[PDB]
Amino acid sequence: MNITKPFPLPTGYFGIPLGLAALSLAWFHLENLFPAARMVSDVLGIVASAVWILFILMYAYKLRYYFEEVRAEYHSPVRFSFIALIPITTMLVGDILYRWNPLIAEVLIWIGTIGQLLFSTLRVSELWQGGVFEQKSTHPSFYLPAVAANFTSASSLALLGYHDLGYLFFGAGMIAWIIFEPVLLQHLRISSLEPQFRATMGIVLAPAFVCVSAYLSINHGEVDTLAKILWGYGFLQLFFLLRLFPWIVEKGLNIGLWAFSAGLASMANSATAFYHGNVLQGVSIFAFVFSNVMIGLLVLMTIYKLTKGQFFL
């Protein structure tokens, strides 16, 4: 036996239900046009919710029995960010469940919103005390607490009818994104990331697409100048990351590639709005199909790894 061993569920694995849940919601937003999309959405949503329940129970066990492992990830100026996946996914599962039970959905949405805001207020701000975060801590994962969590609150609160509160969270996320990205890309240019962190390059896809998806959730799918602007930068980053992909996976394909699923799923979700708004419909179809294929491949890779006993640690 081992004196200690890393917990079998890495915190980052919450990216799996994140990607699936967000994709569920994208398909939900096609039911208006193609009713069969609802079936696809419901299946994705149930799968995402089941995985989320499992991973929540797993993390509760980690908290109870391996608390010092949680404490170390929490105080790390790099690893803390993955904890934000927990409230993010809680909110997304709420959004799914709203179709069946708005009361339970609302409870999950508030828990995740309060949770994420408390988390950032405690930890993101603490970094400003200096001396712990280093230049080498400037990782794409920082987008999770700083940006993605706020966008998720924005769209979830809008779903509940709190549009103006949603706009506050939206603004927090959008300005936080624009304020962080400059220093991230400069860091990547000079130093980049070591292979072990490179899959997290996929999170760089997320901001513009998660931003526009949240924006369109609040504004009832009105595809305006801001929405088009966001899509343009989002596609620029997609092209860049496609070119970089062989480098990203230099040391092999791995489960970390779920990092891409936040941007991919939000590409799909926002595409449904562009399509329905009759804006760039051809691009929209491409984006929706591309992102589904990509996430499909992540799912097949993940099943392969599970099949081989190479998923949990």
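When you see a residue number, it is the position in the sequence shown, counting from 1.
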Higher of the two mean Cα B-factors (298-306, 9-17; per PDB record) comes from 298-306
Stretch with higher mean Cα temperature factor, 179-187 vs 239-247, is 239-247
The residue of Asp224, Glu126, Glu194, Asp164 with the maximal C-alpha B-factor according to the PDB record is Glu194
Note to self: of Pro102, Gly232, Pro87, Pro207, the C-alpha temperature factor tops out at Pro102
Entry-reported C-alpha B-factor of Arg79 relative to its chain, by third, is lowest
Of the three thirds of Cα B-factor ranks in this chain, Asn219 occupies the highest
So, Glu73's CA B-factor, relative to its chain, sits in which third? The lowest
Chain-relative C-alpha B factor for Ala199 (record values, thirds): the highest
In terms of its chain's C-alpha B-factors, the third that includes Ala172 is the lowest
